[PDB]
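Q: Coordinates only, no sequence provided:
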Ligand SMILES: [Ca+2]
Ligand SMILES: [Ca+2]
């Protein structure tokens, strides 16, 4: 019976500058490691795919998690990007080009309205409709990400219920007998110097929202998170 207020995660951040937030939804309690960094707005990277997918489905710029966009044949850095993608696979593989096409179809006026309705960070898309989340104008703090994700977990955002169910399913990372891990990585892929892993874990006793943010890659952020979630008995089997 975890009391998140009594946690310690210092060791899991060995050799890394980062922050971690865990919100126990059933008890309405939040643990924060490195509160100063938790309050620092940073560029969201591919964690923005969560918001982009919600808006895109809501406004019918994409149909469902299986909405296919054909690859243009341009060889990009990661072979996993060099194939036809859907909304869901491009989230799983962080295939930026798919979400750039989606953002263009949403369009700047609609995107700006939605980020204001959602109070998403600094709401600043001036870096360009298909660039603004990629080490660019938009920023959001780890605590602001947690506030947004709690509303998604509780289905309190201004989106249709089926839209939120689709995006949550798209976030599933791992399923055990006793838990389901949902999450999205983000990385500043130029220098690998900023990383995120944000999401939720559902157990038999309740759900938890987490945000991990680090001066390292999104893969490192995810590995730190999984280490913590195992240490505290939320990832079991
Ligand atoms: Ca440890
Ligand atoms: Ca380091």
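A: Alright, I've got the coordinates. Numbering: from 1, shown residues only. Ligands and ions are numbered 1, 2, ... in the order given.
Q: How far off centre is the helix of greatest length in the chain?
A: Using DSSP state H to define each element, the chain has its longest helix at helix 218-231. Here helix 218-231 is found 14 Å from its chain centre; the criterion is C-alpha atoms, centre = their mean, to the nearest Å.
Q: which strands and helices sit next to it?
A: strand 18-24, strand 179-187, strand 195-203, strand 206-214 (3 or more C-beta pairs under 8 Å, 6 or more residues apart in numbering; DSSP states H and E). In short, each C-beta sits where N, CA and C put it, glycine included.
Q: let's see 7 Å
A: strand 179-187, strand 195-203, strand 206-214 (3 or more C-beta pairs under 7 Å, 6 or more residues apart in numbering; DSSP states H and E).
Q: So which residues make contact with the last one?
A: Counting by C-beta atoms under 7 Å, 6 or more residues apart in numbering, the neighbours of strand 206-214 from elsewhere in the structure are 16-26, 37, 42, 142, 145-146, 149-150, 153, 195-201, 220-221, 224-225, 234.
Q: what does the first one give?
A: If you take C-beta under 7 Å, 6+ apart as the criterion, strand 179-187 is touched by 44-47, 49-50, 91, 94, 168, 171-174, 195-203, 217-219, 221-222, 234-236.
Q: hmm, try it at 8 Å
A: 44-50, 91, 94, 168, 171-175, 194-204, 210, 217-219, 221-222, 225-226, 229, 234-236 (C-beta atoms under 8 Å, 6 or more residues apart in numbering).
Q: in its sheet, what does that strand sit against?
A: strand 172-175 (antiparallel), strand 195-203 (antiparallel) (DSSP bridges).
Q: List the residues that contact residue 130.
A: Going by C-beta under 8 Å, 6+ apart, residue 130 touches 100-101, 103-104.
Q: mind running it again at 10 Å?
A: Residues near residue 130 by C-beta atoms under 10 Å, 6 or more residues apart in numbering: 96-97, 99-104, 106, 108.
Q: Just give me the closest of these to residue 122.
A: Nearest to residue 122 among the contacts of residue 130: residue 108, at 15.6 Å, using C-beta to C-beta.
Q: how about the helices of this protein, start to end?
A: Assigned helices in the chain, in chain order: 35-38, 48-58, 87-92, 96-106, 108-117, 142-153, 161-170, 218-231 (criterion: DSSP H).
Q: Which of those sits closest to residue 9?
A: Per C-beta to C-beta, nearest to residue 9 of the helices of the chain: helix 218-231, 5.2 Å.
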